[PDB]
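# Analysis of the macromolecular model
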Amino acid sequence: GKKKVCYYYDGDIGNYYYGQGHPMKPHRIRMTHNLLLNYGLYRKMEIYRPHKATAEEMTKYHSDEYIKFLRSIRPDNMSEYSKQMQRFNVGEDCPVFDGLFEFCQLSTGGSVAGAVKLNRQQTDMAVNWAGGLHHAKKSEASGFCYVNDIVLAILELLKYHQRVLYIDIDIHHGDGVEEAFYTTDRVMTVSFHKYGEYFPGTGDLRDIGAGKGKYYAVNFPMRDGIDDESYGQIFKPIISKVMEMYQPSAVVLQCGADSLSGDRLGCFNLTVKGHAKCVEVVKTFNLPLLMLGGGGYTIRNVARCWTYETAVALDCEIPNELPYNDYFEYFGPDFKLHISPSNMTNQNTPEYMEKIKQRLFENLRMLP
Ligand SMILES: CCN1CCC2(CC1)C[C@@H]2C(=O)N[C@@H](CCCCCC(O)(O)CC)c1ncc(-c2cc3ccccc3nc2OC)[nH]1
Ligand SMILES: [Ca+2]
Ligand SMILES: [Ca+2]
Ligand SMILES: [Zn+2]
């Protein structure tokens, strides 16, 4: 039936700025919030302001030296940290910006707070659109990500859950999360992503885990132009098989919106309905679920996507006509919620999709 949804948001999140020209725009989190408020979706959710996660909470995964660096570095003292910036991959993709550490604290605080709420059985779903920063590593920033809020939230869920399933629908491979749990069977990581001449370069079909983690990492490599029809016919069968074999007791779903048609950095062709069908499929299993953000670089479409996915979490139907809102002009020329796919060629032939699905099913047969 209908579930209790807790949503985490800090009104300051939209003010963090990665710098002129940088595609990562935290303002998209504020556009999402404002749109979902104007649709009246606040009447049905418990809205919480995340605490600022401490350096200590972050060191449950990250190294002490890396977190000390993130808490110390600022644009005014950068010149004194040239050595550490190289060591921790702070540069063009992961710049130093005013309030960087506070941004990490809010992104992380929402994911960890959501995981605690799920552990206490005080909610069915917890949503943190400011989270999902899946590339961050133990001692290195990567791909616009500094602190891996996902890994920290999963470690929190592991306090009460024997098996946690992580699903990632961002266009980029979820490498930081896969690496963190690569040698354990207590987390199964499943990533659907563009593979081939594309960041971060990992996530081959043949990367299946190591040691006790062998068969607990699943990668579905895709080519440009995947559409709703194609994605939908592999997502539900793969997730249904993973559910059957792995029997997780909690799920974390990274909802990166850069897999939508028209994304500034992505090359896929999903609509908001096609992307949200993944949330519908996962929600159907009736397991404690943490829904997180991630990529998404055409910000009007990110706000549409995450607003519609919050309505899906709530089992609330919302009209296609957008309500007036603080960013109404960003949604022209149509002012509608749903988007149309482009005419781009889908390079993922139906035979390729079936063949990769079959190779993943062979690996899933290897689970106990
Ligand atoms: C130009 C910097 N250069 C660095 C070296 C490089 C090439 C790009 C090898 C690495 C790379 O390909 N990085 C990826 C990370 C992608 C991370 C996705 C994150 C998520 O999964 O969605 C989770 C949240 C990359 N692609 C696009 C950019 C990019 C960075 C910029 C920074 C400042 C200004 C403009 C910029 N414009 C950009 O695009 C137009 N970066
Ligand atoms: Ca992915
Ligand atoms: Ca694993
Ligand atoms: Zn991405």
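Residues numbered from 1 in each chain as written, not as in the entry; some residues may be left out. Chains lettered and ligands numbered in written order. Heavy atoms only, no water. Residues with missing side-chain atoms left out of burial classes, pairs and counts.

Structure determination for this PDB entry was carried out by X-ray crystallography, with a resolution of 1.3200 Å recorded in the header.

With that settled, consider the coordination of the zinc ion (ligand 4). Around the zinc ion (ligand 4), the donor atoms from the protein are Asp 170 (OD), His 172 (ND1) and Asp 258 (OD), and they sit 1.9 to 2.0 Å away. Its relative accessible area of 9% is what places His 172 among the buried residues. (Donors = N, O, S within 2.8 Å, 3.2 Å for Na, K, Ca; no water. Buried < 20%, exposed > 50% of the residue type's maximum accessible area, 1.4 Å probe, protein only.)

With that settled, consider the nonpolar core. Of all hydrophobic cores here, the largest spans 133 residues; its most connected members are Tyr 146, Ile 154, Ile 167, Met 188, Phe 192, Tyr 231 and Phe 235. Each residue touching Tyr 146, except ones within four places of it in the same chain, is listed here: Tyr 18, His 62, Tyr 66, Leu 70, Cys 94, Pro 95, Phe 97, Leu 100, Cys 104, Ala 136 and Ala 141. (Core = buried A, V, L, I, M, F, W, Y, C linked by side-chain atoms within 4.5 Å. Contact = heavy atoms within 4.5 Å.)

Right, let's get into the environment of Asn 286. With respect to the helices and strands, the residue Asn 286 is situated in the loop between α9 (272–283) and β8 (289–292). The partly exposed category is assigned to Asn 286, whose relative accessible area is 47%. For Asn 286 and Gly 143, which are 143 residues apart along the polypeptide, the C-alpha to C-alpha distance reads 32 Å. (Helix = DSSP H or I, 4+ residues; strand = E, 2+ residues; numbered from the N terminus.)

Take the packing of aromatic side chains next. Throughout the structure, instances matching the rule amount to 21 aromatic pairs. Geometrically, the ring pair formed by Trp 129 and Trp 306 is stacked, given 5.1 Å between the ring centres and 0 degrees between the ring planes. With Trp 129 in the loop between β3 (125–128) and α6 (149–157) and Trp 306 in helix α10 (residues 299–314), this residue pair connects regions lying 177 residues apart in the sequence. The exposure class assigned to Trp 129 is buried, which follows from its relative accessible area of 2%. Under the relative-accessibility criterion, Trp 306 is labelled buried at 0%. Seen from their ring centres, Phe 192 and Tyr 231 are 6.0 Å apart, and the 45 degrees between their planes marks the pair as tilted. A residue pair is termed long-range when its members are at least 10 positions apart, and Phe 192 in strand β5 (residues 187–194) and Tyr 231 in helix α8 (residues 228–246) qualify at 39 residues. Assessed through its relative accessible area of 1%, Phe 192 is described here as buried. Looking at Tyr 231, the relative accessible area reads 1%, which means it is buried. An aromatic cluster is defined as three or more aromatic residues linked by ring pairs; in this entry it consists of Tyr 16, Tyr 18, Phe 97, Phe 103 and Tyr 146. (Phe/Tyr/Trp six-rings, centres within 6.5 Å; stacked < 30°, edge-to-face > 60°.)

The next thing to look at is the side chain of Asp 170. Residue placement: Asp 170 occurs in the loop between β4 (164–168) and α7 (175–180). Buried charge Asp 170 goes without a salt bridge, the closest partner of opposite sign being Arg 28 at 7.2 Å. In this structure the side chain of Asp 170 is engaged in a polar contact, spanning 2.9 Å, whose partner is the backbone nitrogen of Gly 295. Here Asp 170 is in contact with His 134, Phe 192, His 193, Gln 254, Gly 256, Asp 258, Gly 294 and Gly 295, once residues within four sequence places are set aside. (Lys, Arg positive; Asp, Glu negative; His and termini not counted. Salt bridge = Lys/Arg side-chain N within 4 Å of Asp/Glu carboxyl O. Polar contact = N/O pair within 3.5 Å; in protein donor to acceptor, adjacent residues only side chain to side chain.)

Let us now look at the coordination of the calcium ion (ligand 2). Every protein donor of the calcium ion (ligand 2) is accounted for by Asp 168 (O), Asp 168 (OD), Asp 170 (O), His 172 (O), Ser 191 (OG) and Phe 192 (O), and the metal-donor separations fall at 2.8 to 3.0 Å. Because the angles between the six donor atoms bound to the calcium ion (ligand 2) fall within 65 to 161 degrees, the donor set is best described as irregular. Spacing between the donor residues of the calcium ion (ligand 2) along their common chain follows D-x1-D-x1-H-x18-S-F. One exposure class covers both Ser 191 and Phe 192, and it is buried. (Tetrahedral: all angles 85-135°; square planar, octahedral: opposite > 155°, others 65-115°.)

Another point: the site of ligand 1. Every one of the 18 residues lining ligand 1 counts as a neighbour, but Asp 93, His 134, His 135, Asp 258 and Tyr 297 are closest to it. For ligand 1, an oxygen atom lies 3.2 Å from a polar atom in the side chain of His 172. Relative to its unbound accessible area of 810 Å², ligand 1 is 64% covered by the protein chains. When its residues are assigned to classes, the shell around ligand 1 shows six nonpolar, eight polar and four charged. (Near = heavy atom within 4 Å. Areas by Shrake-Rupley, 256 points an atom, 1.4 Å probe, with all protein chains shown as cover. Nonpolar A, V, L, I, M, F, W, Y, C, P; charged D, E, K, R; others polar.)

Helix length check: α10 (16 residues) gives 23 Å between terminal C-alpha atoms against 22 Å at 1.5 Å per residue, within 8%. Burial analysis of α10 places 15 of its 16 residues in the buried class, the great majority of the element. (Expected span 1.5 Å × (residues − 1).)

Turning our attention to unusual backbone geometry. Each neighbour pair has its own omega, and for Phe 199 with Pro 200 the value is -5 degrees, a cis peptide bond. Along the chain, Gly 332 connects to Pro 333 via a cis peptide bond; the corresponding omega equals 0 degrees. Its place among the elements puts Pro 333 in the loop between α10 and α11 (350–364). We note that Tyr 215 has phi near 85 degrees; this positive angle belongs to a residue other than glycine.

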